[PDB]
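Notes follow the structure.
Protein chains: 2
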Amino acid sequence: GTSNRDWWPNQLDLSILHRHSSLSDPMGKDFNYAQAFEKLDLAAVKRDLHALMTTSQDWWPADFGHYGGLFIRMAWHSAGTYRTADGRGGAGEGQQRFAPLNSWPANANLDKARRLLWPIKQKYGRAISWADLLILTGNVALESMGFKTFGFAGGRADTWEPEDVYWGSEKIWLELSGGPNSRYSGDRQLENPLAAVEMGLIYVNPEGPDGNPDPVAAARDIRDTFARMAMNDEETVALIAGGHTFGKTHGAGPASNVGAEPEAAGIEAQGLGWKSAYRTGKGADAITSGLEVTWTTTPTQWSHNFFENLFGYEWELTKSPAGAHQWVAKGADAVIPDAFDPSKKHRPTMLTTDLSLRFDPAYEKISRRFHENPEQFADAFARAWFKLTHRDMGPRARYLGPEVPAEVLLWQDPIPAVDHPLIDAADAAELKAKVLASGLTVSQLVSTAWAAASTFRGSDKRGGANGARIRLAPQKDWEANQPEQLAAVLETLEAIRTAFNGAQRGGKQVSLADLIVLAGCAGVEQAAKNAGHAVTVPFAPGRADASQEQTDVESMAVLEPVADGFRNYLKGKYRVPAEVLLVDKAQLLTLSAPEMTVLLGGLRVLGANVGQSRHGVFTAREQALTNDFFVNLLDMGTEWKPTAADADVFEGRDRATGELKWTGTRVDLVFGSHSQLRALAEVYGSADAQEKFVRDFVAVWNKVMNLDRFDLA
Amino acid sequence: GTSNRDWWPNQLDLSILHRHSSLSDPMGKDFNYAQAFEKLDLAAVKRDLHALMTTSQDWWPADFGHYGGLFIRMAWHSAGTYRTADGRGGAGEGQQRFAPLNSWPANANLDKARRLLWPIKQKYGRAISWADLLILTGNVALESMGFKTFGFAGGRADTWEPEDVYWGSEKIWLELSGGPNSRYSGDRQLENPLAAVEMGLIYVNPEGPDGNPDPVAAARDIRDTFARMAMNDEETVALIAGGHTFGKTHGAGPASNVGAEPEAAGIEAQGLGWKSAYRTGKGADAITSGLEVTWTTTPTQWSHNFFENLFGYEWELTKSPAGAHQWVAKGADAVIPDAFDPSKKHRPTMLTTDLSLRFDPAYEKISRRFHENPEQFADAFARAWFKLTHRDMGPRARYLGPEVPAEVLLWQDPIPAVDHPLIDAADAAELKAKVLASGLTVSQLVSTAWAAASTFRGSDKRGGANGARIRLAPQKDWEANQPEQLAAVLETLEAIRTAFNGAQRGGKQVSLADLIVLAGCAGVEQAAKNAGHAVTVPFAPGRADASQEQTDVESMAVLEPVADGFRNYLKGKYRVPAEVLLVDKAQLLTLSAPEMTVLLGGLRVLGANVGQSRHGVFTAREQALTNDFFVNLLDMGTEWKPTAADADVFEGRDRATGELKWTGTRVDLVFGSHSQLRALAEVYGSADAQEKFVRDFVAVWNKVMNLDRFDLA
Ligand code: HEM
Ligand code: HEM
Ligand SMILES: [Cl-]
Ligand SMILES: [Cl-]
Ligand code: NA
Ligand code: NA
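Now the structure itself:
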């Protein structure tokens with residue numbers, strides 16, 4: 016069946032904005048996962064998971080009698096798709112159970128791990144999501160084998176379909192670099208937003224870069240991909256050595272024995288894949304990666320044996336039974352237990368990527384420090400494991416249950432507690448009138464509040480106006496935020512704040528975070544009034560101001576908008592058309608196509624454009640909230656042509672007289688071009704639509720202002 | 016960006032069931048189009064459309080100063096995508112404005128027509144849908160040129176994204192037959208459900224079959240395609256000769272002058288396409304089809320000239336200025352007006368497909384009859400135009416406004432008016448108890464009501480339980496309906512009905528249509544009771560019984576389920592896997608994936624399978640409403656293998672003992688295989704879900720029972 020994607024493969028795809036609809040969701044529209052989880056007996060789930068660890072099923076027998084290792088790997092791969100560049104991937108939506116992740120080669124036989132968990136899922140039902148369960152399983156595995164974890168937060172709601180994520184352009188699993196869809200260029204530069212070295216891998220190739228078993232060059236790949244997952248060198252060493260303290264790899268026989276991945280398997284396989292024709296196809300005969308390494312003398316118990324082995328022996332390159340490169344400690348004694356035969360023992364072995372921890376000079380310092388001080392290793396690993404598995408959960412206000420760690424971590428972009436009365440509706444009205452009487456314009460007020468709130472992304476729930484981080488480094492200096500204009504607006508707002516807070520009794524005060532948002536609401540209300548309409552924009556106080564010391568400047572860099580179509584802004588020239596970047600932004604803001612459409616048309620006429628550009632400002636009443644953008648965009652009396660100087664800027668001229676009327680970008684004109692967006696623009700451009708436009712505008716404005724307000728959830 | 020479709024192009028696509036979500040819809044969730052249109056001043060719209068007909072815009076000048084022809088064509092192509100096989104296509108959703116139909120070659124320069132209508136759309140806003148406006152414009156064109164139409168109904172609500180339709184497998188526009196994706200096989204057999212001869216055409220190729228200008232062979236294609244759009248010979252001749260009484264074709268120069276279709280054009284084209292480099296690119300220089308034919312001496316006025324010309328001349332094959340095959344009248348004088356130059360005239364001309372109306376023996380008789388009796392022609396055309404443009408609107412209860420024809424037409428599958436008091440809740444309780452006391456089983460009651468209601472399809476809003484057509488030819492004899500079992504159920508119900516109606520005072524009575532549905536409800540209630548749950552099933556009376564004479568047996572044939580996964584039924588072997596057919600049926604019933612999931616698991620355990628097959632009946636308590644199907648499907652204790660005799664039937668055996676537990680089909684096992692369906696199965700299979708399953712089941716049951724209840728809308 017030939018589709019629209021076949022005929023017009025480069026048209027813009029809006030269906031990414033309409034995923035996660037009430038139609039695909041089996042739970043009722045009032046189902047609240049946090050309320051369900053808050054009543055789960057978490058201890059009882061953990062007791063059942065502890066019992067599972069040593070309850071082997073014959074269809075996938077447990078190595079050494081213990082599934083710990085398998086489940087740790089599972090929870091690390093659930094979390095390890097995360098990319099800091101866009102916040103997509105991670106464990107927070109349980110996406111490992113859907114395509115494509117359920118069938119990535121690096122996820123082989125994690126289908127078995129997830130099936131082992133079905134009896135417990137089934138028992139507790141909707142009170143524990145698959146997403147939470149994957150991570151809790153990992154934690155209980157660690158605890159069962161003697162490792163004390165840093166804690167655990169529930170609250171990851173299940174999703175019901177695949178997320179739309181750019182995982183790369185390769186058309187072949189595990190394609191080595193420099194092919195026709197190479198994700199690498201230049202001096203081994205990985206393209207943003209990707210965070211893995213090959214299609215279907217989590218971070219790196221365990222044999223070495225494109226299969227070359229050089230521990231030193233592998234270290235470079237490790238460092239680059241982990242950094243793109245927001246982990247530094249200390250976290251990286253702790254996580255890899257930590258994880259490889261447990262379990263084993265599987266490569267008992269040749270890879271050509273392994274059949275189709277789950278999404279390609281037959282129906283009889285009932286959601287499992289990678290069925291193997293090698294001997295029994297499982298247990299002692301298992302094939303997963305093709306490597307056959309067991310790192311420690313006690314693979315079912317926490318120890319410091321990984322670093323004892325890594326530094327205590329000299330290593331020799333060898334091949335697994337499937338032919339993959341690995342390392343062995345020649346002239347070690349056979350001290351490693353076999354997974355199934357009590358009478359066999361083996362020599363210590365390592366992956367190329369394990370030896371990286373010893374032969375990269377920066378890693379070696381850390382690994383030596385951990386080797387000599389295993390208590391420091393255990394602490395670092397616990398913290399890094401918590402970060403790994405929580406990094407995409409959002410603000411601490413979303414963390415549920417009795418095991419949440421009380422320590423506030425810098426990476427969490429923490430927001431201080433509010434300990435005072437909040438402003439009420441009368442106070443808000445008074446502050447709004449002061450803001451408007453100060454001389455701040457509609458444009459300044461809407462631009463500033465937009466800049467503060469629009470850093471939110473739903474992928475990892477980072478960003479938003481809570482914290483007033485717009486006043487701090489680095490946000491205050493981002494080009495899109497117009498630093499000089501910004502600094503003058505914030506100086507005026509801070510004087511209003513100081514005056515108002517000074518006049519209060521009884522502890523009442525307003526945060527700068529709240530006032531930024533409230534000032535934005537006042538600007539929207541004034542715009543409406545300028546157009547002849549009396550509207551109240553809703554406002555919910557309770558934001559707090561974070562300090563510079565509570566703000567990791569380097570981690571904030573990934574939230575800088577380099578493209579924001581809502582402000583007609585592009586920081587440089589990109590391979591991706593600006594309209595595709597607009598839709599990507601809308602997706603991160605959690606907007607539907609109608610909401611993206613209303614919001615952009617309004618912003619245009621309110622003066623939100625960076626640099627006060629006239630592009631797309633299709634009105635003669637700038638700073639009045641009207642549907643002028645749409646009515647003028649859709650006027651067939653104007654003809655549009657790209658400019659000589661820039662093919663991405665367009666002149667609109669009267670079709671009869673030739674007179675210049677307007678200029679716009681691709682972001683503006685896509686609303687007149689794309690057949691689905693034009694259909695939405697037509698609604699808002701109709702003669703009966705003024706009231707609808709204003710109402711839908713205020714609602715989507717308010718939605719943006721509240722994107723990070725999990726304290727009110 | 017590589018997608019799931021790229022990696023696993025044969026996995027099942029569920030996103031067709033979650034289309035038309037509240038996310039993509041710009042109107043509020045309580046927007047009711049029928050109420051909006053009922054307040055439109057239809058007369059005022061029609062005045063504006065009359066004015067438009069002769070208001071020529073320079074960007075697309077009006078042929079002969081009148082856009083009527085162009086608008087008639089536009090309305091006929093809006094309607095002319097309809098296929099009776101599935102009810103998909105047609106004018107009823109205004110899909111012409113979306114991909115792919117907005118860019119089909121046969122729709123060239125209809126983008127211009129629709130843009131001419133933007134000022135009117137804009138003026139009336141949400142009170143008139145594009146879907147309705149396309150047809151109304153057609154009607155007004157006809158009236159403006161002197162033809163009296165049969166009437167007009169509003170009520171086609173706009174849609175906001177492309178409908179999912181199989182339009183064929185060809186990868187090239189206009190591909191001639193016998194290619195690698197040929198829609199033809201055998202002795203020119205067009206594949207169901209298609210109703211056009213080539214990809215991008217409405218019905219047939221105007222030059223003749225695969226471009227061969229044989230009017231006799233073209234007639235064969237015309238008759239086959241029109242029949243697949245529900246039109247017989249008389250309607251076909253009337254529509255083609257009716258339509259070609261007006262306007263002209265456009266082929267002034269070579270087709271290589273014409274540029275990209277709308278979905279391919281640049282952004283500056285603002286939603287238009289087919290820009291032409293030939294001379295002025297428009298008006299006298301227009302190029303649309305490539306053909307250059309003007310049929311009548313007064314192309315802007317109703318006349319009897321089409322048939323006078325077709326029979327009054329002998330025809331000679333010639334070529335247009337673009338090189339297309341067409342015909343010219345031998346020895347005729349130049350009597351046809353030019354569209355733009357008052358000093359030029361032209362000889363009569365015709366398409367190959369026009370000459371079909373004379374050289375096919377059956378068409379010739381009709382065309383002669385119309386030539387000799389122009390009043391019969393005019394009436395047949397009016398009737399056929401109303402059918403064409405209303406065929407996919409559904410029951411007369413959906414028809415809005417003051418121009419609706421009072422005459423009831425057989426093709427409308429009419430339902431008689433109810434003229435007596437309806438049963439109330441006390442009566443329904445009494446009838447349910449009689450039904451249960453008669454000895455009818457849960458399985459008989461659920462199967463019957465399912466058979467009656469599940470003929471509904473949302474594509475053209477045909478079918479459903481209203482009418483009691485299950486008791487009439489041909490439904491009573493369809494294999495999926497189990498004719499012998501069905502006859503005995505209906506005999507029992509009709510005795511209960513006769514007894515009840517005989518006891519009533521005043522004119523209260525119950526229809527057999529209502530009682531079938533009510534008996535179904537009683538069976539679901541009894542099933543719930545069998546499982547230990549106290550459940551009332553909602554029931555809305557008001558269905559009436561249609562007669563045999565109100566039921567066109569040939570037109571009902573397209574509603575026969577040859578595949579119904581909900582009854583584990585397949586009539587024969589098809590190219591399409593049975594699970595794809597299941598999803599297609601769910602789409603026609605308007606079901607979401609969760610609703611399809613719940614409904615099939617329930618039906619299985621209630622005994623709805625055709626022929627009492629055990630396939631998928633994963634319970635030991637058949638006829639009890641439980642979640643057993645899901646709990647047993649997902650039990651990893653069971654292993655599934657395809658059988659020796661049939662690879663589409665599977666055996667489930669205890670994984671340890673080898674003992675046979677169950678059998679199922681691909682439709683059963685797909686819920687355990689496909690990662691999104693299994694995710695939904697897991698919700699209903701969990702230990703906390705029995706009450707949720709029963710509740711969700713009753714809701715989806717009731718939805719299906721009410722699908723055709725536009726009298727309650
Ligand atoms: C550079 C980073 C890493 C590489 C290249 C990598 C590579 C691999 C490979 C190839 C396997 C074998 C899969 C098989 O054949 O069964 C595996 C196993 C495992 N990895 Fe990693 N790993 C990485 C980091 C991590 C981290 C961060 C963790 C957790 C903190 C983790 C925990 C595990 C565990 C527990 C197993 C054992 C599985 C079992 O016993 O079934 N690894 N690793
Ligand atoms: C076998 C069926 C038919 C064939 C093959 C066909 C073919 C065509 C073609 C090729 C054109 C020229 C497009 C262009 O170059 O502008 C056209 C024009 C037109 N057709 Fe048809 N036609 C069919 C049936 C119909 C029917 C059923 C109607 C309406 C009841 C209709 C009404 C029109 C009208 C009004 C035009 C004139 C457009 C104008 O003035 O711009 N035709 N037809
Ligand atoms: Cl994601
Ligand atoms: Cl359709
Ligand atoms: Na994410
Ligand atoms: Na339809």
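Line by line, the protein sequences give chains A and U.
Numbering of the first sequence is given in UniProt numbering, commencing with residue 16 and proceeding in unit increments.
Numbering of the second sequence is given in UniProt numbering, commencing with residue 16 and proceeding in unit increments.
Each residue gets a CB set at the ideal place from its N, CA and C atoms; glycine is no exception.
Does residue i pass the burial test, meaning 16 or more other C-beta atoms within 10 Å, or should it be called exposed?
i	result
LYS707(U)	buried
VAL613(U)	buried
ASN122(A)	buried
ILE187(A)	exposed
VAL568(U)	exposed
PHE46(A)	exposed
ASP21(A)	exposed
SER562(U)	exposed
Rounded to whole angstroms, what is the Cα-Cα separation between residue i and residue j?
i	j	result
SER382(A)	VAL231(A)	15 Å
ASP236(A)	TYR218(A)	8 Å
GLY687(A)	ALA696(A)	8 Å
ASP353(A)	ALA94(A)	29 Å
Within its chain, find whatever has a CB closer than 7 Å to the CB of residue i; leave out the 5 residues flanking it on each side and keep chain order.
i	result
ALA412(A)	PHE725 and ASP726
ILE87(U)	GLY153, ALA156, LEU157, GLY258, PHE261 and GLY262
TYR97(A)	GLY104, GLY105, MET244, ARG406 and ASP407
Can you name, in chain order, every residue of its own chain whose Cβ lies under 6 Å from the Cβ of residue i, other than the five neighbours on each side?
i	result
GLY538(U)	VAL457, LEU460 and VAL461
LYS61(A)	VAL155
residue 11(A)	In the structure as shown, chain A starts at 16 and stops at 728, and residue 11(A) therefore has no counterpart that could be examined.
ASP300(A)	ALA267, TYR293 and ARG294
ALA51(U)	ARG141 and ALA142
Excluding sequence positions up to five away, which residues of its chain have a Cβ less than 8 Å from the Cβ of residue i?
i	result
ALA502(A)	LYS491
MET246(A)	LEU254, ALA399, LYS402 and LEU403
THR303(A)	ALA123, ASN124, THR264, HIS265, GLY266 and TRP289
Where the segment 684-699 of chain U meets chain A: residues whose CB sits under 9 Å from a CB there: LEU684, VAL685, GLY687, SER688, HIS689, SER690, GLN691, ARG693, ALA694, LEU695, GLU697, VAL698 and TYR699
Output, in sequence order along the chain, the residues in the segment 655-666 of chain A whose CB is closer than 9 Å to any CB in chain U. Taking 9 Å as the cut-off between beta carbons, the residues of the segment 655-666 of chain A near chain U are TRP655, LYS656, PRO657 and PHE665, in sequence order.
Just the residues with CB closer than 7 Å to a heavy atom of ligand 7, in chain order, which are they? Absent from the structure shown: ligand 7. Ligands present: ligand 1, ligand 2, ligand 3, ligand 4, ligand 5 and ligand 6.
Can you give me, in chain order, the residues of the segment 36-54 of chain U that have a beta carbon less than 9 Å from any beta carbon in chain A? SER36, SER37, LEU38, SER39, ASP40, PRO41, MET42 and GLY43
Looking at chain A, which residues of the segment 178-201 of chain U have a Cβ within less than 9 Å of any of its Cβ atoms? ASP179, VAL180, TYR181, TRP182, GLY183, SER184, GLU185, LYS186, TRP188 and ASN196
Would the segment 416-433 of chain U and the segment 277-291 of chain U be scored as touching if the rule is three or more Cβ pairs under 8 Å? no
With a cut-off of 8 Å, do at least 3 Cβ pairs link the segment 100-107 of chain U to the segment 395-408 of chain U? yes
Name the residues in the segment 278-308 of chain U whose C-beta lies less than 9 Å from a C-beta of chain A; which are they? Answer set for the segment 278-308 of chain U: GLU278, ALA279, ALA280, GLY281, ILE282, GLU283, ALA284, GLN285 and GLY286.
Using a Cβ cut-off of 8 Å, which residues of the segment 108-119 of chain A contact any Cβ in chain U, in chain order? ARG112, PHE113, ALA114, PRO115, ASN117 and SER118
Contact residues within the segment 75-96 of chain A, judged by C-beta distance below 8 Å to chain U: Those would be none; no residue qualifies.
Pairs of beta-carbons, one from the segment 510-523 of chain A and one from the segment 465-479 of chain A, closer than 8 Å: are there three or more? At 8 Å Cβ cutoff, the stretches do not touch.
Please list, in chain order, the residues of the segment 329-344 of chain U that have any C-beta partner in chain A closer than 8 Å. none
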